[PDB]
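Enquirer: One file: final_12.txt (compact mmCIF, C-alpha atoms).
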# COMPACT_ATOMS: atom_id res chain seq x y z
CA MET A 1 0.00 0.00 0.00
CA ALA A 2 3.12 2.15 -0.20
CA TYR A 3 2.12 3.40 -3.65
CA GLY A 4 -0.44 2.88 -6.41
CA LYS A 5 -3.27 3.10 -3.89
CA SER A 6 -2.68 6.65 -2.65
CA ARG A 7 -6.24 7.95 -2.37
CA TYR A 8 -7.66 4.50 -3.10
CA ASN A 9 -6.44 2.49 -0.11
CA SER A 10 -8.66 -0.42 -1.14
CA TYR A 11 -11.06 -1.23 -3.96
CA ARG A 12 -14.39 -0.28 -2.38
CA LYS A 13 -16.32 -1.41 -5.46
CA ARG A 14 -15.82 -5.10 -4.69
CA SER A 15 -18.29 -7.95 -4.16
CA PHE A 16 -16.16 -9.12 -1.23
CA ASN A 17 -17.30 -12.64 -2.14
CA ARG A 18 -15.38 -15.88 -1.66
CA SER A 19 -14.62 -18.87 -3.89
CA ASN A 20 -16.88 -21.87 -3.31
CA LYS A 21 -15.43 -24.32 -5.83
CA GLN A 22 -12.69 -26.94 -5.60
CA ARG A 23 -9.46 -26.58 -7.57
CA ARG A 24 -10.37 -29.80 -9.36
CA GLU A 25 -13.24 -28.12 -11.19
CA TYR A 26 -11.00 -25.24 -12.25
CA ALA A 27 -8.31 -27.65 -13.40
CA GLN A 28 -10.83 -29.52 -15.54
CA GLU A 29 -12.06 -26.25 -17.04
CA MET A 30 -8.49 -25.24 -17.84
CA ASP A 31 -7.88 -28.40 -19.86
CA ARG A 32 -11.14 -27.85 -21.73
CA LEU A 33 -10.19 -24.24 -22.40
CA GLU A 34 -6.77 -25.24 -23.74
CA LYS A 35 -8.37 -27.77 -26.07
CA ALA A 36 -10.71 -25.13 -27.47
CA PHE A 37 -7.77 -22.81 -28.14
CA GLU A 38 -5.91 -25.59 -29.94
CA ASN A 39 -8.79 -25.96 -32.40
CA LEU A 40 -9.54 -22.23 -32.25
CA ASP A 41 -8.14 -20.64 -35.41
CA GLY A 42 -6.92 -17.08 -34.86
CA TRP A 43 -6.58 -17.64 -31.11
CA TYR A 44 -3.33 -17.67 -29.15
CA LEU A 45 -2.38 -18.35 -25.52
CA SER A 46 0.54 -16.90 -23.58
CA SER A 47 2.01 -18.51 -20.47
CA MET A 48 3.37 -15.16 -19.30
CA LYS A 49 -0.08 -13.57 -19.37
CA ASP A 50 -2.15 -16.77 -19.20
CA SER A 51 -4.68 -15.27 -21.59
CA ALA A 52 -6.19 -15.75 -25.05
CA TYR A 53 -6.88 -13.31 -27.88
CA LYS A 54 -8.04 -13.27 -31.50
CA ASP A 55 -6.84 -10.96 -34.26
CA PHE A 56 -8.90 -10.05 -37.32
CA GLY A 57 -5.97 -8.33 -39.02
CA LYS A 58 -7.60 -4.96 -38.38
CA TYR A 59 -7.65 -4.91 -34.58
CA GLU A 60 -6.54 -6.96 -31.57
CA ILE A 61 -9.00 -8.35 -29.02
CA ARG A 62 -8.25 -10.49 -25.97
CA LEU A 63 -10.28 -12.30 -23.32
CA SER A 64 -9.51 -12.75 -19.63
CA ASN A 65 -10.87 -14.53 -16.56
CA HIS A 66 -13.08 -12.87 -13.97
CA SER A 67 -10.07 -10.73 -13.10
CA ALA A 68 -9.43 -7.79 -15.42
CA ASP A 69 -6.44 -6.38 -13.54
CA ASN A 70 -4.29 -7.62 -16.42
CA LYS A 71 -6.50 -6.11 -19.12
CA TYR A 72 -4.20 -3.09 -19.10
CA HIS A 73 -0.98 -3.20 -21.13
CA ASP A 74 1.86 -0.87 -22.07
CA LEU A 75 2.08 -2.22 -25.62
CA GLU A 76 0.09 -0.75 -28.50
CA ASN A 77 -0.30 -2.22 -31.99
CA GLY A 78 -1.63 1.05 -33.40
CA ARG A 79 -5.02 -0.63 -33.74
CA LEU A 80 -8.21 -0.49 -31.67
CA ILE A 81 -8.25 -2.73 -28.60
CA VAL A 82 -11.13 -4.67 -27.07
CA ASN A 83 -11.20 -5.82 -23.46
CA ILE A 84 -13.36 -8.89 -22.92
CA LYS A 85 -14.05 -10.41 -19.51
CA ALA A 86 -15.49 -13.91 -19.16
CA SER A 87 -15.26 -17.01 -16.97
CA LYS A 88 -13.02 -19.85 -18.13
CA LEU A 89 -15.93 -22.28 -17.84
CA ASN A 90 -18.11 -20.02 -19.98
CA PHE A 91 -15.13 -18.81 -22.01
CA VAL A 92 -16.22 -20.79 -25.06
CA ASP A 93 -19.79 -19.58 -24.62
CA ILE A 94 -18.68 -15.94 -24.37
CA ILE A 95 -16.78 -16.09 -27.67
CA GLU A 96 -19.64 -17.79 -29.47
CA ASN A 97 -21.97 -14.86 -28.82
CA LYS A 98 -19.29 -12.22 -28.33
CA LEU A 99 -17.74 -13.02 -31.69
CA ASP A 100 -21.17 -12.80 -33.29
CA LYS A 101 -21.72 -9.40 -31.68
CA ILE A 102 -18.48 -8.08 -33.12
CA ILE A 103 -19.09 -9.57 -36.56
CA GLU A 104 -22.58 -8.07 -36.77
CA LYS A 105 -21.39 -4.74 -35.38
CA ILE A 106 -18.50 -4.60 -37.84
CA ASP A 107 -20.89 -5.32 -40.70
CA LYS A 108 -22.95 -2.18 -40.05
CA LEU A 109 -19.89 -0.19 -39.04
CA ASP A 110 -16.19 -0.86 -38.49
CA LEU A 111 -15.15 -1.29 -34.86
CA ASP A 112 -12.09 0.82 -35.65
CA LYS A 113 -14.38 3.85 -35.51
CA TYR A 114 -14.41 3.69 -31.72
CA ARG A 115 -11.11 4.65 -30.11
CA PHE A 116 -11.84 2.48 -27.07
CA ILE A 117 -14.25 -0.44 -26.93
CA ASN A 118 -14.94 -2.98 -24.20
CA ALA A 119 -17.03 -6.13 -23.87
CA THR A 120 -18.56 -7.61 -20.72
CA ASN A 121 -19.88 -11.02 -19.69
CA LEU A 122 -23.04 -12.09 -21.51
CA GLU A 123 -25.00 -11.14 -18.40
CA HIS A 124 -23.22 -7.80 -18.36
CA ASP A 125 -23.84 -5.09 -20.95
CA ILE A 126 -21.38 -4.07 -23.66
CA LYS A 127 -20.70 -0.57 -24.96
CA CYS A 128 -18.18 1.30 -27.09
CA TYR A 129 -17.03 4.92 -27.23
CA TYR A 130 -16.14 6.85 -30.39
CA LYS A 131 -13.39 8.76 -28.58
CA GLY A 132 -13.31 6.55 -25.49
CA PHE A 133 -15.42 9.14 -23.70
CA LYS A 134 -18.53 10.92 -24.97
CA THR A 135 -22.32 10.95 -24.96
CA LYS A 136 -22.18 8.98 -28.21
CA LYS A 137 -21.66 5.25 -27.71
CA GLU A 138 -22.83 1.93 -29.15
CA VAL A 139 -24.32 -0.98 -27.22
CA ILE A 140 -25.43 -4.47 -28.23
For the structure just supplied, provide its representation as structure tokens.
Expert:
Amino acid sequence: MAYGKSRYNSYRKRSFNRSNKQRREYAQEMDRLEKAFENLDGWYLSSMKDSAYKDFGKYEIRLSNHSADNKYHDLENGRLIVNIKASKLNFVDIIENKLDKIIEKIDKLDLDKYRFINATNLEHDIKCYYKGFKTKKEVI
């Protein structure tokens, strides 16, 4: 807490919940997730940032577990970036509908139009900003 928390000593906006599942279930999900990535064309996994992402050649999008503390990066590809949060168990499910949402959205208008875009769990709502901040935004 020496630094990086200054004013924010602790993340107040937290569910303060606790895990109620055995590591066995998570381990099984991990193997399933890895298998999906193996047969998932355009998807890559990194051990350093245990995460997966898919590139369309126009922009880079990546998915992460329930934790989004790693969604931030200091590397830019010069292309729009999409932050997607989803559970490993429902990871496959999130891409099935999430991918569809992006494909449909890109059809009507390129996603490159929005400087900053972000996706949320199926239950959560998704929205994009033209300049990353403004009254004008898109939601699906």
Enquirer: With distances taken over all atoms listed in the file, which of A:32, A:85, A:71, A:134 is nearest to residue 98 (chain A)?
Expert: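 The shortest atom-to-atom distance to residue 98 (chain A) comes from A:85.
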Enquirer: Counting all atoms listed in the file, what is within 12 Å of residue 69 (chain A), bar same-chain residues fewer than 6 positions away, as a JSON list (two decimals) with C-alpha atoms, in the coordinates of the input?
Expert:
[["chain", "number", "residue", "atom", "x", "y", "z"],
["A", 11, "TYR", "CA", -11.06, -1.23, -3.96],
["A", 49, "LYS", "CA", -0.08, -13.57, -19.37],
["A", 83, "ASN", "CA", -11.20, -5.82, -23.46],
["A", 84, "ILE", "CA", -13.36, -8.89, -22.92],
["A", 85, "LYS", "CA", -14.05, -10.41, -19.51]]
Enquirer: Using all atoms listed in the file, find the one residue out of A:48, A:110, A:92, A:115 that sits nearest to residue 78 (chain A).
Expert: A:115
Enquirer: Taking (-8.7, -1.4, -29.7) in the file's coordinates, which residues come within 8 Å, counting all atoms listed in the file, written as a VMD selection string?
Expert: chain A and resid 59 to 61 79 to 82 112 114 to 117
Enquirer: Could you jot down the CA of residue 99 (chain A) to CA of residue 52 (chain A) separation for me, Å, one decimal place?
Expert: 13.6 Å
Enquirer: Rounded to one decimal, what separation in Å do you get between CA of residue 108 (chain A) and CA of residue 43 (chain A)?
Expert: 24.2 Å
Enquirer: Go ahead and compute the interatomic distance for CA of residue 140 (chain A) and CA of residue 102 (chain A), in Å to one decimal.
Expert: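 Between CA of residue 140 (chain A) and CA of residue 102 (chain A) the gap works out to 9.2 Å.
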Enquirer: Nearest residue to residue 27 (chain A) out of A:95, A:111, A:89, A:103, using all atoms listed in the file?
Expert: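 Looking at the shortest contact to residue 27 (chain A), the residue is A:89.
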Enquirer: Could you list, as an NGL selection string, every residue within 12 Å of residue 90 (chain A), counting all atoms listed in the file and ignoring same-chain residues fewer than 4 positions away?
Expert: :A and (26 or 29-30 or 32-33 or 36 or 63-66 or 85-86 or 94-98 or 121-123)
Enquirer: Using only the atoms of region 29-34 of chain A listed in the file, plus 3 Å on each side, state the axis-aligned box centre and edge lengths in Å rounded to one decimal, as JSON.
Expert:
{"center_x": -9.4, "center_y": -26.3, "center_z": -20.4, "size_x": 11.3, "size_y": 10.2, "size_z": 12.7}
Enquirer: With all atoms listed in the file as the basis for distance, which of A:38, A:4, A:133, A:50 is at the shortest distance from residue 88 (chain A)?
Expert: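 When distances to residue 88 (chain A) are compared using all atoms listed in the file, the smallest one comes from A:50.
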Enquirer: Would you mind exporting region 41-99 of chain A with C-alpha atoms, as a tab-separated table (two decimals), in the first residue's frame?
Expert:
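result31.tsv, written as the output of this step:
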chain	number	residue	atom	x	y	z
A	41	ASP	CA	-8.14	-20.64	-35.41
A	42	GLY	CA	-6.92	-17.08	-34.86
A	43	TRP	CA	-6.58	-17.64	-31.11
A	44	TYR	CA	-3.33	-17.67	-29.15
A	45	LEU	CA	-2.38	-18.35	-25.52
A	46	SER	CA	0.54	-16.90	-23.58
A	47	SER	CA	2.01	-18.51	-20.47
A	48	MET	CA	3.37	-15.16	-19.30
A	49	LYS	CA	-0.08	-13.57	-19.37
A	50	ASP	CA	-2.15	-16.77	-19.20
A	51	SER	CA	-4.68	-15.27	-21.59
A	52	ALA	CA	-6.19	-15.75	-25.05
A	53	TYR	CA	-6.88	-13.31	-27.88
A	54	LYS	CA	-8.04	-13.27	-31.50
A	55	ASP	CA	-6.84	-10.96	-34.26
A	56	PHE	CA	-8.90	-10.05	-37.32
A	57	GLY	CA	-5.97	-8.33	-39.02
A	58	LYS	CA	-7.60	-4.96	-38.38
A	59	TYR	CA	-7.65	-4.91	-34.58
A	60	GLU	CA	-6.54	-6.96	-31.57
A	61	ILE	CA	-9.00	-8.35	-29.02
A	62	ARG	CA	-8.25	-10.49	-25.97
A	63	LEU	CA	-10.28	-12.30	-23.32
A	64	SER	CA	-9.51	-12.75	-19.63
A	65	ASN	CA	-10.87	-14.53	-16.56
A	66	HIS	CA	-13.08	-12.87	-13.97
A	67	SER	CA	-10.07	-10.73	-13.10
A	68	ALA	CA	-9.43	-7.79	-15.42
A	69	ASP	CA	-6.44	-6.38	-13.54
A	70	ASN	CA	-4.29	-7.62	-16.42
A	71	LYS	CA	-6.50	-6.11	-19.12
A	72	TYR	CA	-4.20	-3.09	-19.10
A	73	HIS	CA	-0.98	-3.20	-21.13
A	74	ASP	CA	1.86	-0.87	-22.07
A	75	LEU	CA	2.08	-2.22	-25.62
A	76	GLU	CA	0.09	-0.75	-28.50
A	77	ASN	CA	-0.30	-2.22	-31.99
A	78	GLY	CA	-1.63	1.05	-33.40
A	79	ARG	CA	-5.02	-0.63	-33.74
A	80	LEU	CA	-8.21	-0.49	-31.67
A	81	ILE	CA	-8.25	-2.73	-28.60
A	82	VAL	CA	-11.13	-4.67	-27.07
A	83	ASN	CA	-11.20	-5.82	-23.46
A	84	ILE	CA	-13.36	-8.89	-22.92
A	85	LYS	CA	-14.05	-10.41	-19.51
A	86	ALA	CA	-15.49	-13.91	-19.16
A	87	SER	CA	-15.26	-17.01	-16.97
A	88	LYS	CA	-13.02	-19.85	-18.13
A	89	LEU	CA	-15.93	-22.28	-17.84
A	90	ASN	CA	-18.11	-20.02	-19.98
A	91	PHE	CA	-15.13	-18.81	-22.01
A	92	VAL	CA	-16.22	-20.79	-25.06
A	93	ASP	CA	-19.79	-19.58	-24.62
A	94	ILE	CA	-18.68	-15.94	-24.37
A	95	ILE	CA	-16.78	-16.09	-27.67
A	96	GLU	CA	-19.64	-17.79	-29.47
A	97	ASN	CA	-21.97	-14.86	-28.82
A	98	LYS	CA	-19.29	-12.22	-28.33
A	99	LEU	CA	-17.74	-13.02	-31.69
